[PDB]
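What follows is a single chain, given as structure tokens, in the form deposited in one PDB entry.
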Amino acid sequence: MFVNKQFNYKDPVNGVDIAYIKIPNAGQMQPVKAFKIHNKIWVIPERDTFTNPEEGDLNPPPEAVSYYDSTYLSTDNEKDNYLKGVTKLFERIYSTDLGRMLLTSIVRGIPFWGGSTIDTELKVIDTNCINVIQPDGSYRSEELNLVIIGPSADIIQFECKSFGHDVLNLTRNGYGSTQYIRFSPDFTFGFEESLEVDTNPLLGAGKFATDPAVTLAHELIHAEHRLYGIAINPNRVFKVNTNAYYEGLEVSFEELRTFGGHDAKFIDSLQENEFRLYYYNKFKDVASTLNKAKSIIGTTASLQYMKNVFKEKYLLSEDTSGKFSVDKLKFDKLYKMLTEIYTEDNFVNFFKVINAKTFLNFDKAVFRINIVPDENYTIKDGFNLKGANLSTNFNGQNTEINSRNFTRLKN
């Protein structure tokens, strides 16, 4: 039971799990009503005009596969439906053995306390917190790992972003940072079934719809990489040979890794090893820092407690002297888990749903949906409901047969 509380958008703020909050480096934004659905995880049912200054408007630009609608997610009823949809997709993910593991890793992935210039001092990094406004008007600083928020101007432009430090590369130095996922459970993408020799022939018809749970899981996978600070520099790309009418189509390693399956292998053995050794060295640096720590600032939590928190996050070894170190095989297990086990491909297999076979199989259309009603979608079966006739040949994802659950919007 990932979310052990029924949340309704209109419930009164209580300063604990329902509250008006303020995001870091947000200039001066007005507070926004947010909900804490699980330890370290909040949801803001608002269009994202806070994380980025240059994107503080929901106005359509000169366009370029995108979708715009400045009125989307503007009403309380919409925010309530949004909140319910996100919550439901989390339960769907959490209900699988793979999803339970990923979310556990995410919750244990507290961004590192590496904000001090004094090496014998442990200190938090402010951008890894939110200010929770209380009933009396005061604000409480609270640390969090994950925030799910609505999309910015481009409604279907989902992504995992974070604030970053002046000098440190939090998502790539092993530290990690609070992750903000722009996402919407109100839309999903359509993809065409690649007719292959050995693929089920009884497949309903034309377009199939992506299970929004796979989409969220995909983003949660990026978030896990970023929380453990082992994300691959977005600069590292593979030049995919698409056409002969193209002397080039870049796809980043971070993406190929996240999608997993056959595409992940485009990251050769030399590069894999390179990344693994690099982060292993980075975890060792975290160990040293913890060892040289004698005091903790922003006091409340004890020093040994915070050290334990990170000993647990990085699966560090501790001897009788109380000194931490990185165990090669524990590191390998953790690293493998975060990069090879948690993948969109493995989720598609656990969920047993149809999905694009590779990024190469680019989606075609954008559909409007509503997974909240059980008559439409359930935690256990997605769109492919049991008693229904939709539980056969993925009829539930067939946007022709299950025409009532999908409303074409673009392309």
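The first residue of the shown sequence is 1; numbering continues from there.
Although not depicted, the form solved in complex with a small molecule is the subject of the following passage.
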Original post:
So which of 127-135, 201-209, 150-158, 81-89 is the stretch with heavy atoms within 4.5 Å of the small molecule in the deposited complex?
Top reply: 150-158
Original post:
Is the small molecule in the deposited complex near all of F189, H218 and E255, within 4.5 Å of a heavy atom of each?
Top reply: yes
Original post:
So which of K282, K313, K307, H222 reaches within 4.5 angstroms of the small molecule in the deposited complex, heavy atom to heavy atom?
Top reply: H222
